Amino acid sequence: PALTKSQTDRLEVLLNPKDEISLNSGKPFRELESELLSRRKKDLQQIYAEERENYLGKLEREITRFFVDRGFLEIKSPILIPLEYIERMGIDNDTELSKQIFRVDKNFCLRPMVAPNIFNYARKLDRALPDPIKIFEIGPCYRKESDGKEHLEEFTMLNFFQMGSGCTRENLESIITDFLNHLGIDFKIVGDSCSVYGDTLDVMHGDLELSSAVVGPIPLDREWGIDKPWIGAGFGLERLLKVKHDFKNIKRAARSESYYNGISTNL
């Protein structure tokens, strides 16, 4: 007989993009499941025997090497930041994004973005380092979400930032272009609106936003003690993984107990 929706959901959990198994077949659920379980077990065994690296960790290392080689300083700043920093990004209690914030005490929250820390490092380092100032951070960010198709509550952001000389739209696009061609991820850059900062570039993979990027200066800068030209962009690592490995849902690329490198751990 026909597969139930529940059964199809179960098989899809075990389906990988690589597979070429037709669900319109002359075989019962039990055999389709057993076959997929066997394949997925073999996938994990191959990883265990050979590379043993997590995709999210490996991607971070690859991105890190890319930016370190291009002259960007690697930053590791607090994940737990003051709620005040979020107000200073121009996000009042009444506004929309403030509901998305995971608060910890009355004082602190889980960073929804690394910008505050990047701006602070830029300002401080400008007193020590030659122009231009080039920095990047990769790490966890957190936002309460209703969507679970392209949106995680716990995700990993790459943010790079340059300040001083060379901070042009052209150079921003070149870094982005070299970065994504290096990772082997297809994209197009479009100039669209996003009132978290102002006018932006959007880096799209079809209908999926990989990044929102900014060419400063912007009026917010003075709140962070920045008074120089700057360029910057943020990318979600899980989105890059989702695109690179052709995962149907972003949860397959996330920190998870249910998936390892996009392979179900519920076998």
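All residue numbers refer to positions in the sequence shown, first residue = 1.
Taking the mean C-alpha B-factor of each stretch as recorded, 185-193 and 77-85 are not equal, and the higher mean is that of 185-193. For the two regions 219-227 and 51-59, the entry's Cα B-factors average higher over 219-227.
The residue among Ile176, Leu97, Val114, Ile135 whose C-alpha carries the highest B-factor in the deposited model is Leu97.
Of the candidates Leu129, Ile91, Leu180, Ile118, the one whose C-alpha carries the top B factor in the deposited record is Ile91. Ranked by Cα temperature factor within the chain, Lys27 sits in the highest third according to the deposited record. Sort the modelled residues of the chain by CA B factor and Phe108 lands in the highest third. Among all modelled residues in this chain, the alpha-carbon of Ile21 has a temperature factor (C-alpha) in the highest third.
Looking at the C-alpha B-factors along this chain, the one for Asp69 belongs to the lowest third. Among all modelled residues in this chain, the alpha-carbon of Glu154 has a temperature factor (C-alpha) in the lowest third.
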